[PDB]
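Only one chain is shown below, in structure tokens, and it's the form deposited in one PDB entry.
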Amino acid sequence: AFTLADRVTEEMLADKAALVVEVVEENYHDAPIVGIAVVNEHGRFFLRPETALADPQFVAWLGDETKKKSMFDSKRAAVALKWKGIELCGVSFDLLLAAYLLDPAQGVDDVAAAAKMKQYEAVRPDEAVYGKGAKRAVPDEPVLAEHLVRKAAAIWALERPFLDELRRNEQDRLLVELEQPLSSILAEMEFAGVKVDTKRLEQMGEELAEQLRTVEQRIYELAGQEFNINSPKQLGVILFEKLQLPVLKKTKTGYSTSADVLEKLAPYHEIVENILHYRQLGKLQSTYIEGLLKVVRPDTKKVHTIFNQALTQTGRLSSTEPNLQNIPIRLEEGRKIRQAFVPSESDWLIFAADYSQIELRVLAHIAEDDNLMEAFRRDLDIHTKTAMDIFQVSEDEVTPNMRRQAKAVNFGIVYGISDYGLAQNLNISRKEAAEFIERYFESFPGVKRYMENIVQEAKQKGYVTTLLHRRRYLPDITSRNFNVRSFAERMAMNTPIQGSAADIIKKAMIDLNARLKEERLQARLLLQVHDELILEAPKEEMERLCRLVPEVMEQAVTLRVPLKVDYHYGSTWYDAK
């Protein structure tokens, strides 16, 4: 049982408690808090939020760093409270982040899923209480209060076992000194938001719509027929079958119309290049322009992303609504969408800094490959140097296609691509792709040793780790299915690289946030995507940031090779280049 309280009492405000501040809406920005539960040494309490959040003693307790709180996904509560003008401090244990560090593959999305990891089942899944989809609804207070109280009781009971296993894993500091402090920095970033120039966005959409009408009219002209170009089925009817173009690749059900396949079909009919153009502009328009305009808050003309800190299996952050990482880094209209992201105040500017080749630099360090480390200590062009070694040619002898092929081999390492995906990448056979890989290993024998050694370690221990002791379990590394084992092998190889890079960027964000406040700068972190950190700041702060930000980022950790940072600033995210 528990106290369904009508008012806040002093025994509810002890200096250690499990706390539940429930936000049912998936997007928690400016969203309702439907109820509150507190479990501490004196009992179990349910508080109605309209009551507790107006109580000065309760508000002071929430904001008191010395009053320690154990929670699940504290960033959600922290942000929903920020929109109410209330500060949450003193969160000493976050069970979502603890379960994520223990085993990111579990997919722990609620208290019940984390509780099940330690045989605790006296709590329901959130989906059982609130329902999913069209049926989703807050239940009546008796059902709601029991659920919130059981979640707090579970949290109270699970802190010690989770912390104990974290300590056995040497992940206790990872949680306490990296993920939890980062959680709060993300909260501030999400709350601050990023100003969007919606008039510029609507202009680009208008530009695209006119271009799409032009190309679409041309496609119907060449097809001799109207159809939904956006329907891969109707389009497969028209390309193959009608226009008799070869079928070079099949889909599980019908005709494949992938971009990779269409480019090879272009020499046969003028429609293909226009189909390719329609899909380019179509995805910019439909996914990015219209997608971004939907998530801009009209009150403040900002987008307020949500970072999922406990999702990837590498430790990389991910973000949604909007996912600004997914914005293209390529075309002279994809990356230009970044012109719509502007400073939120007059006479402020965007400052953007990004790690240069951090993954390959991490690989140099972990593998202690002599040639790769010397390349970075010389600050070489890594793709040019790789081409020199693979093709045994001098720097002036490297042609553009040689550099492209070396860069594709390096890209394969950074993202853990199979030789078939390298072959697919380079439009070459798997045999040729394999001999490319072998020549790489001849020039970087330390990388080869690392790749053999890490697979063997994964087989022996069951998992691999990153620089700051993140882990990834790889049960499929034993599989007799070739493709399943091969993927686990590539994840054994890739996760210490990508995940250690994630570690460094997170530590950099923490280090930078501390330095900015030490320095009493108004500059603020706004986004972290790819290997980049984006800030905004008064224009009067740019010269100081030009020294401060790269220094903090370069010194976040000390590797056997230097860390290199490129930095720019400008009037938009695009112009910070």
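For clarity, a rigid core is taken as the largest C-alpha set superposing within 1.5 Å between two forms. The first residue of the sequence shown is number 1, and the count goes up from there.
The same protein also exists as the form deposited in another entry; that form is not shown, yet it is the one meant from here on.
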Original post:
Rigid core as reference, CA moved 2 Å or more between this form and the one not shown - which of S394, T253, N228, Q119?
Top reply: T253
Original post:
Rigid core fitted, is the C-alpha displacement of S418 between this form and the one not shown 2 Å or more?
Top reply: yes
**OP:** Given a change of 3 Å or more, say if the Cα atoms of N323 and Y415 sit closer or farther in the other entry than in this form.
**Re:** farther
Subject >> Pair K250/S486, Cα separation in the other entry versus the displayed form, closer or farther by 3 angstroms or more >> reply: closer
